[PDB]
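Right, one structure below, let's go through it.
Since every read-out is calculated from the coordinates, none of them should be taken as a lab result. Here the Cβ positions follow ideal geometry from the backbone for every residue, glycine too, while neighbour counts run over all protein chains shown.
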Amino acid sequence: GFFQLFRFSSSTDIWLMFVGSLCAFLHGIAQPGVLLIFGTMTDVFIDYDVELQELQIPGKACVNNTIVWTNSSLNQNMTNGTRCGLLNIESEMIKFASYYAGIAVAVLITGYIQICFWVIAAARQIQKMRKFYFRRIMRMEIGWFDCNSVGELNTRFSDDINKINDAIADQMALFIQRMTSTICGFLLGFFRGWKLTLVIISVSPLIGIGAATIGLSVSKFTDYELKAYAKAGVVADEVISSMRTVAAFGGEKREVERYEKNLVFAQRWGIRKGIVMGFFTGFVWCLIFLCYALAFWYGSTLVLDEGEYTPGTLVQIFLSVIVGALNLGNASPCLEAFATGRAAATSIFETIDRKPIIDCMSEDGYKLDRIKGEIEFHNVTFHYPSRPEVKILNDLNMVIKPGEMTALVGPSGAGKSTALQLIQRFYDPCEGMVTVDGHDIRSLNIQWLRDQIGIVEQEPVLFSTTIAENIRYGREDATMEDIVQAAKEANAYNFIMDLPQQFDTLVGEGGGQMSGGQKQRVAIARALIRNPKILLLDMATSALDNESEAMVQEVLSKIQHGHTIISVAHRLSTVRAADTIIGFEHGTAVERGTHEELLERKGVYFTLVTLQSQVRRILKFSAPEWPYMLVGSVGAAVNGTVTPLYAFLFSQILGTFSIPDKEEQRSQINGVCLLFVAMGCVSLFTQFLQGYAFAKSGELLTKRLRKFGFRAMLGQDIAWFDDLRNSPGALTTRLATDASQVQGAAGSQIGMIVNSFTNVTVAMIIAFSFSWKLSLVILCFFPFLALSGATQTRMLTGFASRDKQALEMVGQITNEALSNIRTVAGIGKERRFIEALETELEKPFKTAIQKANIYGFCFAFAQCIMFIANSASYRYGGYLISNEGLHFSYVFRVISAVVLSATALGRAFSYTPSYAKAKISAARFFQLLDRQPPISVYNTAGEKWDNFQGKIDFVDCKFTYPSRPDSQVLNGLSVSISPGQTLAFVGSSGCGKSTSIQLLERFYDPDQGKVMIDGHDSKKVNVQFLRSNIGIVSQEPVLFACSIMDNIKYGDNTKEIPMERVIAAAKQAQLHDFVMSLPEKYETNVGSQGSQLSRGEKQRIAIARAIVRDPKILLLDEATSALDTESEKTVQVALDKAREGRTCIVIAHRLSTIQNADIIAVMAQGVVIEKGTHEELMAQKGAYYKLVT
Ligand SMILES: C[C@H](CCC(=O)NCCS(=O)(=O)O)[C@H]1CC[C@H]2[C@@H]3[C@H](O)C[C@@H]4C[C@H](O)CC[C@]4(C)[C@H]3C[C@H](O)[C@]12C
């Protein structure tokens, strides 16, 4: 439901929410209830004006004035009784500035009570929710985490509770205002004008639709639009991910052709936002003005013939229906944010109440003492909750006698530690209970059983605080006198002193991490500090370095003894001196004997050891966009001068109820109400054209800015694609967002400084040409009224982003306590990681109690400054009409021209994608748009005409990675060769041999050591020739998302794409049958959805790709990287057949690749050592001579 969002409401918060919604009702009645004053005011003027104008002439009243000039002072001589000084303006406007500025205190002390009493009363519940959700994540099973992610529960803790801090906080408080000035807006019409506020409310739906889908559509056309781009969003991050290969063949000029074409699906999905949000602010201003035509014309029928309405009753019951139906369509952007909250909190409310299978809590269980540790395995069967079909364990029958070690030898991965996770109960066995010295492990205290065991994981993980209190996390009672004994035993004793400081070191996660074989020496001390009765080590030496490998084995083999240890073996020569080895092949322990017990048999480990123990620019860049920023701007003056002109038509009609002669009004009031229709054919025609041509010009820029962007982003070097500041994660999510913040510097910004420049300076003509004296008073409020329309938005969105940097501190303690949940629940308790959330969840509560009372006073004072502006004015306005000759009609004109052109300064002013975040957003693009790269395809392109003939040479080539400074100098190397021959590098696997031939591809550059072609200076040979006459194949497979032929099509970049080698390269590269063994011929889509062919299958495309070409140098850079013993073998024929015209460098990392091709030059430092052939490495050391050694 919806009133389930308030489920966590306490009693101090259901009372801080009633008086914050009594004073929200009682605010919303002000704005259509202030027209009651304004409608008995434009009538008290107009009776003063009628008598004063009739006082002027001595016409029909020949021998007299009416009662004026001593007829009400004589002996009862009042022939009419009314025309006197009996209406005094002095004594009357002091009585309508009392009222009009007594609302502006009780709309100031109840607009800081409707918004400082809800945003307290929401952020006092989301503290109680977010704290309570996390208390019952940490009690779920382990297997519940195995089917719910950790990077997804970290979004449903911060980005999905903050979607129900909008359906409670102010969008409830700002809705029981905007739906009680509709119930009190329209119904305050039917109180008076029941036959006139029906001929207006019969057009009130057709404004109530249009005011809705202005505010609602901007919050709807974001994700409606953000996904129409992303068809381009893969073609960008395909190539930028696969950048080596597209630049391997030179196919760059036809790789903006897949990004010139495929961009138009958002080139016309953002035009279409310009109409639909620009036409609809015309179709409220075509409907207000035409409603004024139908209210004034039809209303002037009644007010003149019946007399049943008075002229102040007539401007009061349609200015209560306009502001009565503005809010009803301005509460719909506030009722979208309930159905967003109500439908995105059903995940949280389903996690709070599942009541898990195993608590990891204390009370509900059974307690046992003096534990021997008779560990038992009765006949289990066991699925995962992730993969529920595979049977990991089957009828597993084995015992563990207490006091000694016990091994576990699986083949590779059958029951390695899944058998062992049950003894600490991360999973219940579905059949076959297991028992511990009598009583079983189910129906016992989880917080007692998890005290006795002690786990040592595969990979170490350490928590963020001090290493002397990280070991404290097991056995909470222990002190520094007792901590120090375990770090002694677990080899941290020299790591006391070599460490920067003695036992306070934060940098276990904080400053700088230790080595992978070193954190484990902490984790042994963590499990040993608790005085455990069970040790459980599951591949402690799984993946760590060979030095401390043998060092931590000394911790376990030589030192560790005394009680029950259930262990496994990474290598079993360590456990060769132990008690029992109960290894198995599948789910059932078979052997249970020592190594001499399986000398006589085969079993599970004797079988194993037979084979293992052997600013001006943005305009000038948009210079072809001149007709769509001048007919877009002529259409932005002529509806910027509509608001100021309206103040002159509306205040014209209001003086024309005062003229005495009856035929003149019905002629005159029918004249001015005809002008409102003509301002309904204009201010829709030019509110269309101010939202169309400023959104073709903001979309014919950002289409041509992307295509120029991706011609330069493609045509640069590899040396910064691998750079840290711009990786392909950020080099394609820049190009989506930053290309859209660059329309807001040219297109829709000249529709602001000429919208709100003709809006203001035609208002100051009207405001000063009629009475300058009354326009000094009100213009003293022109700063406080325009600038207050856009100072809460710049406050608020700069004050959600100070919550985020107060809540990212919470997103630390979460993510270090869900990503490693198997180590939290295994060691002691998670009480510590619950209790360290309440202490960190006060801190985003103190910056949402300071979004109460600085979003009170920027919202109360943003709303009583236009009710005090109508009180300093008309107080002084009454001073003018009485003793000066400023007649009545000019006071509604001076005031409606500098309030309507003050709000529509700011209201227009917040339609700006901010100019400061475009110039700092365009400047991060022009440097890309004109960068000078060190080597380039778009450079001097005429140094060629050398037929290669395989005389390619090295002379002592040094090399660096300038983007990854691991070393500083790779050693020089000098190799020359003859055509049709092989260099055949084998040697250093780390930056030694593949890198020294990926250098030969012009991807990186020689640090020194000039290479040659035919005595040529290779940097003075252009890349378009040189990169054409070669051909590579990648180590790892990476192709496109196209079909089979479309990558063999891709084998040339400029040349005539062959169909005659489609037949030949299929049979030359071993795939002429595999292209036929598929059910289809060409439609085998290789990346998108069709076939997830294996690495041995997928490479067979790639050898076929370059073999269509006619190159001089082959680059067989580490193929046959698959262990698939026939797919590895079959592809070897492809590398061996492609010869005879190929000056190759085929590496032969393994023995199966050919060794008798030619010489070997490289070695461990990248030095030309042992230059001779295969038959010369027998005297000295060799690679084959090392693997036999
Ligand atoms: C006079 C109306 C409400 C009065 C008001 O603002 N109340 C508080 C101060 S006081 O009581 O007028 O003293 C205002 C409120 C909203 C206004 C409308 C909105 O601003 C929308 C457009 C704006 C255009 O510039 C003019 C037509 C118009 C359709 C406006 C006509 C008129 O000025 C309205 C209907």
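Reachable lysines from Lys1181, Cα under 22 Å, same-chain residues fewer than 8 places away excluded?
Those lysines meeting the cut-off are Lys993, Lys1171.
With the Cα gyration tensor of the stretch 28-99 giving a ≥ b ≥ c as the square roots of its eigenvalues, does the rule (a/c under 1.5 for rounded; else a/b larger than b/c for prolate; else oblate) give rounded, prolate or oblate?
Prolate, because a/c is 1.5 or more and a/b exceeds b/c.
How much FRET efficiency would the formula 1/(1 + (r/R0)^6) give for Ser73 and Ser882, where r is the Cβ-Cβ distance and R0 is 22 Å, rounded to 0.05?
Rounded to the nearest 0.05, the efficiency is 0.60.
Just grab the label-to-label distance for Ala719 and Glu585, each label 7 Å out from Cα along the Cβ direction, in nm (one decimal).
So the label points at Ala719 and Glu585 sit 5.9 nm apart.
List the relative contact order of the stretch 392-536 as a percent without decimals, with contacts defined as Cα pairs under 8 Å and 6+ residues apart.
Across the stretch 392-536, relative contact order equals 29 percent.
Do the alpha carbons of any pairs in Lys958/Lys1112; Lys128/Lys220; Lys804/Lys917; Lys401/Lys519 sit beyond 27 Å of each other, and which pairs? Write down the numbers at each step before the final one.
Details: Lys958/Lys1112 25 Å; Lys128/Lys220 31 Å; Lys804/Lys917 20 Å; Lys401/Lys519 31 Å.
Those over the limit are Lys128/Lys220; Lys401/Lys519.
Efficiency by 1/(1 + (r/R0)^6): what FRET value for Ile559 and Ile849, r their Cβ-Cβ distance, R0 = 51 Å, to the nearest 0.05?
Using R0 = 51 Å, I get an efficiency of 0.35.
Pull out a ≥ b ≥ c, the square roots of the eigenvalues of the alpha-carbon gyration tensor of the stretch 171-263, then state rounded if a/c is under 1.5, prolate if not and a/b is larger than b/c, and oblate in the remaining case. Provide the component values of the computation, followed by the final result.
Values: a/c = 11.54, a/b = 3.88, b/c = 2.98.
Judged from the Cα gyration tensor, the stretch 171-263 comes out prolate (a/c at least 1.5, a/b above b/c).
Taking amide H positions as placed 1.01 Å from N in the peptide plane, with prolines and chain starts having none, which residues 5 or more places from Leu393, or on another chain, fall under 5 Å of its amide H?
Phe382
Could you calculate the FRET efficiency of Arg135 with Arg802 from 1/(1 + (r/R0)^6), where r is the beta carbon distance between them and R0 is 30 Å, rounded to 0.05?
The value I calculate is 0.65.
Using θ = phi - 60° and the Karplus curve 6.51 cos²θ - 1.76 cosθ + 1.60, what whole-Hz ³J(HN,Hα) does each residue of the stretch 285-298 get, with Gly and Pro shown as x?
My calculation for the stretch 285-298 gives 7, 7, 9, 5, 6, 7, 5, 5, 5, 7, 7, 6, 5, 5 Hz in order.
Considering only DSSP states other than H, G, I, E and B, which chymotrypsin sites (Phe, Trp or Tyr not before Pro) in the stretch 19-106 qualify as loop sites with at most 16 other Cβ atoms within 10 Å?
Details: sites: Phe25, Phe38, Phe45, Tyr48, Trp69, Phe96, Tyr99, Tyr100; in loops: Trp69, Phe96, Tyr99, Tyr100.
Within the stretch 19-106, the qualifying chymotrypsin sites (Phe, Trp or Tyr not before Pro) (loop, at most 16 other Cβ atoms within 10 Å) are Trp69, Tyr99.
Based on the alpha carbon coordinates of the stretch 241-383, what radius of gyration and maximum Cα-Cα distance (Dmax) apply, in Å?
Just the Cα atoms of the stretch 241-383 yield Rg and Dmax of 35.5, 108 Å.
Rounded, prolate or oblate: which one fits the stretch 928-1064, using the alpha carbon gyration tensor with axes a ≥ b ≥ c (rounded when a/c is under 1.5, else prolate when a/b beats b/c, else oblate)?
rounded
Quick query: amide H of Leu1114 versus all other amide H atoms, modeled in the peptide plane; which residues come in under 5 Å with a sequence gap of 5 or more or a different chain?
For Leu1114, whose amide H was placed from the backbone, the distant partners under 5 Å are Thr1143, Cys1144, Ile1145.
For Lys273, give me every one of the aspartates and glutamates with a C-alpha distance below 15 angstrom, ignoring sequence neighbours fewer than eight places off in its own chain.
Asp223, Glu225, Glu699
In whole Hz, what ³J(HN,Hα) sequence does the stretch 162-177 give by Karplus (6.51, -1.76, 1.60; θ = phi - 60°), x for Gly and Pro?
5, 9, 10, 9, 10, 9, 10, 7, 10, 6, 9, 7, 10, 10, 9, 9
Be a star and scan the stretch 1143-1166 for residues whose amide nitrogen sits under 19 Å from the point 7 Å along the Cα-to-Cβ vector of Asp956.
So the set is 1162-1163, 1165-1166.
So how long is each side of the chain along the principal axes, counting just the alpha-carbon atoms, biggest first, in Å?
Taking max minus min along each principal axis of the Cα atoms, the chain gives 145, 89, 59 Å.
Please give me, ordered by residue number, the chymotrypsin sites (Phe, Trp or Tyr not before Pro) of the stretch 248-347 that lie in loop per DSSP and have at most 14 other Cβ atoms within 10 Å.
For chymotrypsin sites (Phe, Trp or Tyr not before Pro) across the stretch 248-347 that sit outside H, G, I, E and B with at most 14 neighbouring Cβ atoms in 10 Å, the list reads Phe265.
Mind listing P(r) for the stretch 375-612? All alpha-carbon pairs, 10 Å bins, whole percents.
So the P(r) values, bin by bin, are 7, 30, 33, 22, 8, 0.
Name the long-range amide H neighbours of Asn1085: under 5 Å, sequence gap of 5 or more, or other chain; modelled H, no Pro or chain starts.
Under 5 Å from the amide H of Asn1085 lie the amide H atoms of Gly1090, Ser1091, each far enough along the sequence or on another chain.
Percent of Cα-Cα pairs more than 22 Å apart in the stretch 1034-1110, please. Numbers along the way, then the final one.
Details: 420 of 2926 pairs.
I get 14 percent for the Cα pairs in the stretch 1034-1110 exceeding 22 Å.
Would you mind putting 504-512, 603-611 in packing order, based on average other-beta-carbon counts within 10 Å, highest first?
603-611, 504-512
Mind ordering 110-119, 801-810 by average Cβ neighbours within 10 Å, highest first? Mind showing how you got there, number by number?
Values: 110-119: 23.3, 801-810: 13.8.
Taking the mean over residues of other Cβ atoms within 10 Å, the ranking is 110-119, 801-810.
Based solely on its DSSP helices, what 222 nm [θ] is calculated for the chain when runs of n ≥ 4 H residues each add -39,500 (n - 2.57) and the sum is averaged over all residues, nearest 500 deg cm²/dmol?
Rounded to the nearest 500, it is -9000 deg cm²/dmol.
Go through the stretch 829-933 and name the trypsin sites (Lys or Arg not before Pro) that are in a DSSP coil and have 10 or fewer other Cβ atoms within 10 Å of their Cβ. Intermediate results must be reported in sequence, preceding the final value.
Numbers: sites: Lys829, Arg831, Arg832, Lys846, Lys851, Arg875, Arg893, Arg907, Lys917, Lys919, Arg924, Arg931; in loops: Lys829, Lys846, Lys851, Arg931.
In loop regions of the stretch 829-933 (DSSP not H, G, I, E or B), the sparsely surrounded trypsin sites (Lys or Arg not before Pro) are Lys846.
So for the pair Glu481, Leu611, with labels modelled 7 Å out along Cα→Cβ, what separation do we get in nm?
According to this spin-label approximation, the distance is 5.8 nm.
Please list 3J(HN,Hα) in residue order for the stretch 627-641, calculated via the Karplus relation 6.51 cos²θ - 1.76 cosθ + 1.60 where θ = phi - 60°; whole Hz, with x for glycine and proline.
Running phi through 6.51 cos²θ - 1.76 cosθ + 1.60 with θ = phi - 60° gives x, 9, 10, 10, 8, x, 9, 5, x, 10, 8, 8, 10, x, 9 Hz.
Obtain the nm distance between the two label points defined at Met497 and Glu252 by a simple spin-label model: each point lies 7 Å from its Cα along the Cα-to-C-beta direction.
5.8
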